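Undergrad: Sending over a structure as structure tokens; questions will come in a sec.
Protein chains: 2
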Amino acid sequence: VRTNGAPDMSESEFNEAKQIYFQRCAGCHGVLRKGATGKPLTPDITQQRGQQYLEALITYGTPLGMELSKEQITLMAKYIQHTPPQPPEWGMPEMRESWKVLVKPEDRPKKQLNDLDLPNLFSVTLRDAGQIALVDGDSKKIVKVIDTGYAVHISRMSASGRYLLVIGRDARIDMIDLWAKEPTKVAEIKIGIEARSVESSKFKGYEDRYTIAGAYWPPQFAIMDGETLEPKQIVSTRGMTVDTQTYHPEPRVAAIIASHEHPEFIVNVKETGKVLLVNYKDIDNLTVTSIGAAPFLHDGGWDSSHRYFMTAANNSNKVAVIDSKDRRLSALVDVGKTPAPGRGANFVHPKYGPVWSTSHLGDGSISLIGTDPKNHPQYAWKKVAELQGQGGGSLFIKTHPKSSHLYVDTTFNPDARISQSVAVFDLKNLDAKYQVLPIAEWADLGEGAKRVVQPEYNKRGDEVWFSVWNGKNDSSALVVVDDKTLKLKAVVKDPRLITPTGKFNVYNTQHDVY
Amino acid sequence: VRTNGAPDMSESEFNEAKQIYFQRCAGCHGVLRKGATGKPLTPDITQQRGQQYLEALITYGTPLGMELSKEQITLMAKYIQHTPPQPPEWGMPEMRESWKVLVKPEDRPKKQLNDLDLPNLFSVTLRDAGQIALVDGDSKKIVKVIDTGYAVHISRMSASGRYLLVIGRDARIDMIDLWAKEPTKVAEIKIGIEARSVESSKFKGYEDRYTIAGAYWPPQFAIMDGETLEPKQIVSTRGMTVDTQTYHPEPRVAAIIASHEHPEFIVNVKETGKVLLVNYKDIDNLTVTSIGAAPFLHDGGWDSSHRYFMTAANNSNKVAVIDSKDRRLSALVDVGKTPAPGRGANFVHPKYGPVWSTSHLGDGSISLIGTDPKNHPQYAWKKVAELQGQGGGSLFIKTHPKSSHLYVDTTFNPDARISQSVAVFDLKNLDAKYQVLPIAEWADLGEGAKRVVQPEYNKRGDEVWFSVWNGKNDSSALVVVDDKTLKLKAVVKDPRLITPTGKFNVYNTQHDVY
Ligand code: DHE
Ligand code: DHE
Ligand code: HEC
Ligand code: HEC
Numbered sequence: 048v049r050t051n052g053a054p055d056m057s058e059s060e061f062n063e064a065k066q067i068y069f070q071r072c073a074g075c076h077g078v079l080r081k082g083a084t085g086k087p088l089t090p091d092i093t094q095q096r097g098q099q100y101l102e103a104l105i106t107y108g109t110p111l112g113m121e122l123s124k125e126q127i128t129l130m131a132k133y134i135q136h137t138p139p140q141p142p143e144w145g146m147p148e149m150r151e152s153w154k155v156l157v158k159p160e161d162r163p164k165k166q167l168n169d170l171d172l173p174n175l176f177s178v179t180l181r182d183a184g185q186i187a188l189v190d191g192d193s194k195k196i197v198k199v200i201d202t203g204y205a206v207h208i209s210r211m212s213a214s215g216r217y218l219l220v221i222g223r224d225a226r227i228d229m230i231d232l233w234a235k236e237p238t239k240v241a242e243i244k245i246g247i248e249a250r251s252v253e254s255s256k257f258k259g260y261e262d263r264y265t266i267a268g269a270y271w272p273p274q275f276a277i278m279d280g281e282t283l284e285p286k287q288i289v290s291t292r293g294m295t296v297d298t299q300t301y302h303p304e305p306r307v308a309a310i311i312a313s314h315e316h317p318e319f320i321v322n323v324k325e326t327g328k329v330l331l332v333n334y335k336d337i338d339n340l341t342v343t344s345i346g347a348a349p350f351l352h353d354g355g356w357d358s359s360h361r362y363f364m365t366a367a368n369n370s371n372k373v374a375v376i377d378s379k380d381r382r383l384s385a386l387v388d389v390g391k392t393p394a395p396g397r398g399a400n401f402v403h404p405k406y407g408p409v410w411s412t413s414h415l416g417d418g419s420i421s422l423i424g425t426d427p428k429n430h431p432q433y434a435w436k437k438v439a440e441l442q443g444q445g446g447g448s449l450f451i452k453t454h455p456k457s458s459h460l461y462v463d464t465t466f467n468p469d470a471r472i473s474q475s476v477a478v479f480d481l482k483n484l485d486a487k488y489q490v491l492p493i494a495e496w497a498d499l500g501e502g503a504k505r506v507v508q509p510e511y512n513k514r515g516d517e518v519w520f521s522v523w524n525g526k527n528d529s530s531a532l533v534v535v536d537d538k539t540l541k542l543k544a545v546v547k548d549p550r551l552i553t554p555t556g557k558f559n560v561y562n563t564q565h566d567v568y
Numbered sequence: 048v049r050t051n052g053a054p055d056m057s058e059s060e061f062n063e064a065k066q067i068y069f070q071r072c073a074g075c076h077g078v079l080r081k082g083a084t085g086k087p088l089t090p091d092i093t094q095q096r097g098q099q100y101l102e103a104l105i106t107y108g109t110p111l112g113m121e122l123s124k125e126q127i128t129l130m131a132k133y134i135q136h137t138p139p140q141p142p143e144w145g146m147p148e149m150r151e152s153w154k155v156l157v158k159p160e161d162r163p164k165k166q167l168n169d170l171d172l173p174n175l176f177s178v179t180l181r182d183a184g185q186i187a188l189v190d191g192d193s194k195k196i197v198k199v200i201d202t203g204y205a206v207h208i209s210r211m212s213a214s215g216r217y218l219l220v221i222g223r224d225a226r227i228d229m230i231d232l233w234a235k236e237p238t239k240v241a242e243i244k245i246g247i248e249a250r251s252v253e254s255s256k257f258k259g260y261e262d263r264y265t266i267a268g269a270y271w272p273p274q275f276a277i278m279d280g281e282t283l284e285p286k287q288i289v290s291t292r293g294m295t296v297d298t299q300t301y302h303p304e305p306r307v308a309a310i311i312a313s314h315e316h317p318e319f320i321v322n323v324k325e326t327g328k329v330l331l332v333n334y335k336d337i338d339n340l341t342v343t344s345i346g347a348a349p350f351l352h353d354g355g356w357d358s359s360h361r362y363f364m365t366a367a368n369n370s371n372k373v374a375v376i377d378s379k380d381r382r383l384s385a386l387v388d389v390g391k392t393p394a395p396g397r398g399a400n401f402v403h404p405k406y407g408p409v410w411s412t413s414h415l416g417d418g419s420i421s422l423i424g425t426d427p428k429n430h431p432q433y434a435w436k437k438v439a440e441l442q443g444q445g446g447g448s449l450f451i452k453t454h455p456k457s458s459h460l461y462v463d464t465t466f467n468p469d470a471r472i473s474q475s476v477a478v479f480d481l482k483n484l485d486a487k488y489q490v491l492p493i494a495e496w497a498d499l500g501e502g503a504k505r506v507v508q509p510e511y512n513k514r515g516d517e518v519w520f521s522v523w524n525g526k527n528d529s530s531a532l533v534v535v536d537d538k539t540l541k542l543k544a545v546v547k548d549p550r551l552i553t554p555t556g557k558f559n560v561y562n563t564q565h566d567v568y
């Protein structure tokens with residue numbers, strides 16, 4: 048057991064110094080030792096550190112985000135310097151053992167045990183901390199900090215409006231009961247090594263029946279019981295591509311959305327460019343429909359009518375329209391460079407009719423795609439208009455049926471001021487340019503990167519919440535703006551609020567209000 | 048580039064001395080250098096041969112079944135001594151290039167151009183020769199010897215009764231027109247590295263629309279146009295198992311049968327134990343239903359009513375009943391050791407009603423499973439009776455609706471006499487023991503292994519054809535018996551008849567007459 052220029056020793060040691068890498072350095076440091084937003088563990092940045100320094104750093108840790123014997127550390131040190139490993143296959147045993155039922159279905163209350171205005175609660179992600187903050191929308195006070203998995207990507211609500219599903223990027227799901235005295239974890243499970251999406255069944259006759267979770271590694275998605283989180287089925291997404299029709303060993307599972315028209319899960323499988331329609335009717339025998347879209351599928355959401363899944367194929371610069379009723383690809387609308395909608399933004403255009411919008415990453419723009427074939431067939435599935443935001447590097451854009459301004463964030467732009475503000479449009483005059491809201495400046499944080507991410511409204515549609523994403527150590531905040539006035543309403547600040555990313559309003563998430 | 052005790056040299060050479068192994072030593076010598084019925088190429092039987100002898104043997108060949123420069127031979131010699139390789143991924147380019155249209159659909163005749171009694175022709179496989187013999191059923195004369203791929207496993211008829219599909223174990227399919235002056239190849243294609251089954255669409259509204267072929271390597275099946283053999287879709291079978299629900303990197307595609315009730319292909323995926331129902335309605339978007347059966351699925355066939363696919367799960371010692379109408383697993387009937395039906399044998403029992411039978415490999419016996427839930431529900435999906443053949447190592451068993459004797463071969467039994475004869479039962483008295491027919495002795499071949507394989511009837515149901523499978527060099531024959539008399543009718547002998555294995559009667563294969 049040898050690499051291209053670092054300590055080489057054999058056997059057994061390879062298998063174990065790497066099983067110790069996937070211990071609690073799997074989700075933190077990556078699958079192929081990548082390491083987004085932190086400093087890399089790629090063979091060369093680490094070989095430069097050395098056989099002496101690496102032992103030291105692993106042994107005492109560091110103060111920005113750091121149990122093992124001297125022998126296991128000497129190991130990890132000579133072995134992170136080695137050729138990159140063979141990522142484990144996470145099957146049913148590994149998944150059924152990680153399954154822990156913290157509270158039984160009968161032990162759980164029949165009705166609410168708190169004064170909490172549940173539909174107006176915010177499930178805020180605390181990335182680097184590996185927890186979620188249950189912030190109140192009126193009092194602007196953190197009601198409860200719950201211990202979850204690492205870097206909770208998204209939070210989904212169980213259609214009923216009772217349970218809160220949260221998934222870590224380390225593939226650890228946690229179910230939370232919002233009806234308990236103090237809302238705490240009632241079930242947990244690890245569905246892979248690295249994941250992104252969790253989702254519950256939301257069709258007519260199944261509200262909360264099954265829970266699905268998509269994984270980045272292994273290329274699979276796992277279906278569970280939507281009450282106890284009991285693994286029932288696991289399906290591999292390894293297969294042939296849509297473009298070149300060739301084999302691909304790692305087609306990652308991206309976004310998932312429950313079909314409201316049929317008993318299915320609409321699963322975005324990235325690299326292959328196939329949107330899977332996973333029928334659950336008969337679960338011990340799965341029926342999957344492989345709808346070819348466009349390569350590199352990513353995020354997206356529902357249109358105004360909950361019929362069309364508007365997904366972004368980012369490295370193809372197209373938006374795929376999935377018809378959830380007729381179960382086919384409606385069109386591959388060509389949009390600008392690297393589209394990134396999140397769930398998207400739905401409003402009613404005066405001169406074009408009901409639309410769905412998306413901000414971009416390579417380009418800027420906000421493409422307006424028509425979502426109505428019945429009353430506006432000449433505009434549906436075309437980039438009819440086009441608006442212009444501050445610049446590239448945009449992740450989300452938001453709107454609400456209650457009132458008027460359209461918000462587009464720009465989290466990853468090199469221009470400091472742009473990456474610390476949002477472009478607010480007025481729908482009642484689209485030819486009018488945006489108003490730059492100094493979100494991060496209003497926060498009064500002082501020093502840091504102060505990146506502005508995700509515009510998330512409250513139930514009522516009067517407030518718009520922002521996350522000022524700043525380093526683990528730096529002062530981070532949540533900025534609340536009044537939609538009608540366009541002025542600052544409040545700033546939620548706290549040291550427990552370590553790296554706030556995604557904020558999910560319970561009602562708005564549950565009823566898909568975007 | 049080094050192994051555990053043989054010449055080691057680097058780079059480039061690994062990739063090429065192995066691309067030359069998959070040249071024309073892929074189908075002949077195996078995927079992982081296995082090598083059924085010939086002497087192995089496993090690292091140790093070959094390392095013992097030596098760096099000097101291997102160069103010699105590859106350079107001059109041998110007289111029992113054997121272009122490259124001295125450098126490429128020196129290569130192959132140092133490199134077959136190396137660690138076993140990384141089997142290529144055969145995608146769409148490699149498959150679309152291998153596609154050759156030898157005759158256009160318009161160039162082909164509107165009606166027959168020969169005196170041939172097409173429904174009573176035998177497509178006989180000549181294994182080691184890599185060809186098929188079109189033997190006549192009345193005159194017992196080879197009408198045409200056609201050049202195909204290596205070791206043509208099965209031969210399937212296009213529902214119409216016009217085209218003859220033949221697939222090599224080297225995954226080379228060849229379509230043959232039986233209406234041409236001299237029936238020759240009208241289309242060919244290579245769908246993988248190693249395959250077994252080919253099949254055409256046989257449901258009500260699709261007779262000859264699409265052609266499917268299952269592969270052992272890569273774990274996939276390819277769907278083509280049933281007229282021109284145009285690759286349209288390729289699907290990977292790599293996935294989770296049914297028993298332990300764990301990942302498996304090589305679930306081999308075994309038997310395939312076209313559903314006569316729905317627009318589907320019933321695909322047996324071995325290792326995973328999943329019987330796939332591949333819907334073709336909309337081909338650019340495939341709907342697959344994963345019906346869990348029992349691990350290690352293999353062969354099988356239809357019942358009397360063409361409704362139930364009776365497949366054998368050999369290393370599970372069960373027979374899975376697939377309902378092609380209601381689209382579910384009907385039952386997992388427990389049978390004896392290592393079941394091997396082929397397509398099976400269907401007859402009407404006097405005291406139990408319509409049944410399906412299967413001979414075995416580990417055990418002997420012929421298990422009788424009831425195939426009627428309507429008139430005989432108390433016997434359906436149970437091993438009601440049980441008959442006894444000569445011994446273990448049995449591959450096929452046959453019967454015909456016209457007349458009375460049931461034949462069970464035994465090709466792989468150590469007892470020479472047993473492996474050279476067939477057990478003939480009388481259905482009109484099942485308590486009566488079998489009559490041992492000295493098939494290979496009647497052939498008058500003299501020296502050899504003289505293995506008896508596959509009882510195949512003629513259209514009329516009066517003759518029963520056997521294949522006396524003897525070595526490439528030895529004298530091989532086809533023995534024809536008269537079913538009514540149980541005596542010898544004729545013996546087809548010829549030197550072109552090198553290793554006769556599977557004999558397929560055109561009408562009997564087409565209309566699934568077993
Ligand atoms: C597949 C996917 C979804 C859709 C889920 C769904 O709705 O079913 C999604 C949505 C999301 C949403 C959902 C918002 C919504 O309301 O729609 C949030 C909060 C979010 C926070 C982040 N995303 Fe996300 N995102 C990825 C994956 C995804 N992001 C990546 O792979 C990527 C590009 C790289 C990575 O490092 O993981 C990435 C980076 C980020 C971030 O950097 C964020 C800001 C911080 C973080 O935690 O990593 N992503
Ligand atoms: C999956 C499969 C089928 C069903 C196809 C269908 O109907 O869709 C089948 C049927 C068949 C049938 C179909 C007969 C029928 O009418 O049902 C034939 C002729 C046949 C000749 C052989 N079979 Fe076969 N057979 C395999 C695979 C299969 N055999 C193997 O993998 C195995 C065990 C090992 C191997 O070496 O390939 C194997 C060995 C053999 C032989 O040794 C035979 C006698 C000679 C040869 O050519 O290799 N198999
Ligand atoms: C588990 C056995 C491991 C291994 C192999 C390493 N880590 Fe971590 N790591 C993480 C963070 C946030 C940092 C950056 C902040 C800081 O250093 O304070 C790091 C950095 C490292 C390095 C050094 C990088 C360099 O400068 O070259 C190395 C060699 C390293 N880690 C190895 C995060 C985490 C955790 C997230 C809380 C956890 C747990 C781990 N690391 C675990 C391990
Ligand atoms: C392609 C580049 C190759 C390689 C690597 C080899 N063969 Fe063949 N082989 C086949 C048969 C039928 C035999 C047995 C009969 C006989 O030897 O006459 C063999 C045997 C070998 C051996 C030697 C086995 C031993 O005694 O140790 C080796 C080293 C070997 N082959 C290498 C069949 C075929 C073919 C089927 C017609 C083809 C073509 C190839 N072999 C091609 C190659």
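If you read the protein sequences in the order shown, they are chains A and B. Numbered per full-length UniProt numbering, the first sequence spans residues 48 to 113, 121 to 568. Numbered per full-length UniProt numbering, the second sequence spans residues 48 to 113, 121 to 568. Using N, Cα and C, we set each Cβ at its ideal position, and we do this for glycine too.
Check whether the Cβ of residue 208 of chain A sits closer than 7 Å to any heavy atom of ligand 1, and report yes or no.
TA: Flag set: Cβ of residue 208 of chain A near ligand 1.
Undergrad: Hey, out of A/515, A/489, A/472 and A/443, whose CA is closest to residue 456 of chain A's CA?
TA: If we check each option's Cα against that of residue 456 of chain A, A/515 comes out closest.
Undergrad: Determine, for residue 278 of chain A, whether the minimum Cβ-Cβ distance to residues of chain B falls below 8 Å.
TA: So no, residue 278 of chain A is outside the interface.
Undergrad: Counting only runs that start and end within the stretch 434 to 502 of chain A, where is the beta strand (DSSP E) found for 3 or more residues in a row?
TA: The stretch 434 to 502 of chain A contains these whole beta strand (DSSP E) runs: 437 to 441, 459 to 462, 476 to 480 and 489 to 491.
Undergrad: Along the chain, where does the beta strand (DSSP E) that runs through residue 306 of chain B open and close?
TA: Careful: residue 306 of chain B lies outside any beta strand (DSSP E) and carries neither H nor E.
Undergrad: Specify the secondary structure class of residue 226 of chain A as computed by DSSP and reduced to three states.
TA: Looking at residue 226 of chain A - three-state DSSP - the assignment turns out to be strand.
Undergrad: Can you pull the chain B residues whose beta carbon is under 7 Å from the beta carbon of residue 344 of chain A, in chain order?
TA: By Cβ distance, chain B contributes 339 and 340.
Undergrad: So, for residue 201 of chain B: in the same chain, excluding its five sequence neighbours on each side, which residues have a beta-carbon less than 6 Å away from its beta-carbon?
TA: 185.
Undergrad: Contact check, residue 205 of chain A vs residue 222 of chain A under 8 Å by CB: the rounded distance?
TA: Between residue 222 of chain A and residue 205 of chain A the Cβ distance is about 6 Å, and since that is below 8 Å, they are a contact.
Undergrad: Using alpha carbons as the reference points, say which of A/527, A/519, A/54 and A/435 lies closest to residue 500 of chain A.
TA: Taking only the C-alpha atoms, the option nearest residue 500 of chain A is A/527.
Undergrad: List, in order along the chain, the chain A residues whose C-beta lies closer than 8 Å to that of residue 292 of chain B?
TA: Simply 290, 292 and 293.
Undergrad: Assign residue 121 of chain A to buried or exposed, taking buried as 16 or more other Cβ atoms, counted over all protein chains shown, within 10 Å of its Cβ.
TA: Label assigned to residue 121 of chain A: exposed.
Undergrad: Would DSSP call residue 73 of chain A helix, strand or coil?
TA: Three-state DSSP puts residue 73 of chain A in coil, outside helix and strand.
Undergrad: Using only CA atoms, which one of B/381, B/397 and B/433 lies nearest to residue 404 of chain B?
TA: If we check each option's Cα against that of residue 404 of chain B, B/433 comes out closest.
Undergrad: Leaving out five residues before and five after residue 497 of chain B in sequence, what residues of the same chain have Cβ atoms less than 6 Å from its Cβ?
TA: Cβ neighbours of residue 497 of chain B beyond the five flanking positions: 522, 531, 533 and 545.
Undergrad: Could you say which of B/328, B/343, B/509 and B/327 lies nearest to residue 334 of chain B if we only look at CA atoms?
TA: Looking at the Cα atoms, B/343 is the closest of the given residues.
Undergrad: Scan the stretch 246 to 276 of chain A for residues whose Cβ lies nearer than 9 Å to a Cβ of chain B and list them as they occur along the chain.
TA: Per Cβ criterion, the list reads 272 and 274.
Undergrad: Per DSSP, residue 186 of chain B forms a beta bridge with which residues?
TA: Beta-bridge pairing links residue 186 of chain B to B/179 and B/200.
Undergrad: Below 8 Å, how does it come out for the stretch 127 to 145 of chain B and the stretch 263 to 275 of chain B: are there three or more Cβ pairs, yes or no?
TA: Yes, the stretch 127 to 145 of chain B touches the stretch 263 to 275 of chain B.
Undergrad: Measure the alpha-carbon distance for residue 127 of chain A versus residue 53 of chain A and round it to whole angstroms.
TA: Using only the alpha carbons, I get a separation of about 16 Å.
Undergrad: Among B/183, B/276, B/176 and B/260, whose alpha-carbon lies nearest the alpha-carbon of residue 232 of chain B?
TA: Selected option, being the one with the closest Cα: B/176.
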